[PDB]
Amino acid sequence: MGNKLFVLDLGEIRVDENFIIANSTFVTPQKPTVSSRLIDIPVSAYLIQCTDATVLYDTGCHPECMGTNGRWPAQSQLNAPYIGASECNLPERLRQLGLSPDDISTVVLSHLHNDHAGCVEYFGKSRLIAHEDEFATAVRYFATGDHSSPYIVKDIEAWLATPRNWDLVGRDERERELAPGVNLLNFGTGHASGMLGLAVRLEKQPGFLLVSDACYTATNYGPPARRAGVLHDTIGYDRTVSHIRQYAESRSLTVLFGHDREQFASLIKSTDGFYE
């Protein structure tokens, strides 16, 4: 038989919509008193049971990201708090499936930001696939003690506390087959310095293209395409959205967005099913 896709509900973040869809609200002399609004956006990860491997795409937040002794800086916690339930953390979502981190053959990190690489430290054996430039950038923020970005220096510290099976994607690598029907795509520079996507072909359905922050929501996707806020490389980002569209459409893959509330409702969480 073929590939199984489990959707891991790793909670929510509460954030200004302007970060997610740039300039969705702004003041004007005509309408000078308007304010932007907070939205709650889903944090997720995807466990793929392949033929000959188990592959995890993304890892959510660190279970202890929030609080006075939390992983996230105090100001980060004020600005855009993780809001998820006690259950909504990757180690629990794995134990709920009968899995330890060690049972995962490879974990594909879309990139090394806060609510994507938060559980990297739980993986002492699994192959950790991340873009080489994403690795270089994360470790630089850590080495300089710079808390000003979505890279979490305290999380990075834990990643580096013990040797791990890092496998860094070269910036000129285009794609890698991870297993039959499972292709790792190197989106490269855009939202962050090195974005990775995962194409997963299924049996009852053609399958899914996992894109993470290469496209936050269906409203970013369009058409017309609409930029997120806080993009590292806007040109790379725009090019990557067009590539995502062409790749998925030519293959009838449904694109699964990084943080789309209404798509994430509608899915089917790992505690009560999987895709086949």
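Don't overthink the numbering: it's just position in the shown sequence, from 1.
- Look at the C-alpha B-factors of 232-240 and of 40-48. On average they run higher in 40-48.
- Looking at mean Cα B-factors across 17-25 and 261-269, the upper value is held by 261-269.
- When the Cα B-factors of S76, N186, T144, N183 are read from the PDB record, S76 comes out highest.
- Of the candidates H111, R71, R171, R127, the one whose C-alpha carries the top B factor in the deposited record is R71.
- In the PDB entry, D58 places in the middle third of its chain by CA B-factor.
- Looking at the C-alpha B-factors along this chain, the one for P150 belongs to the lowest third.
- Among the modelled residues of its chain, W166 has a C-alpha B-factor that falls in the lowest third, as given in the PDB entry.
- Sort the modelled residues of the chain by CA B factor and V200 lands in the middle third.
- Among the modelled residues of the chain, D133 sits in the lowest third by CA temperature factor in this PDB entry.
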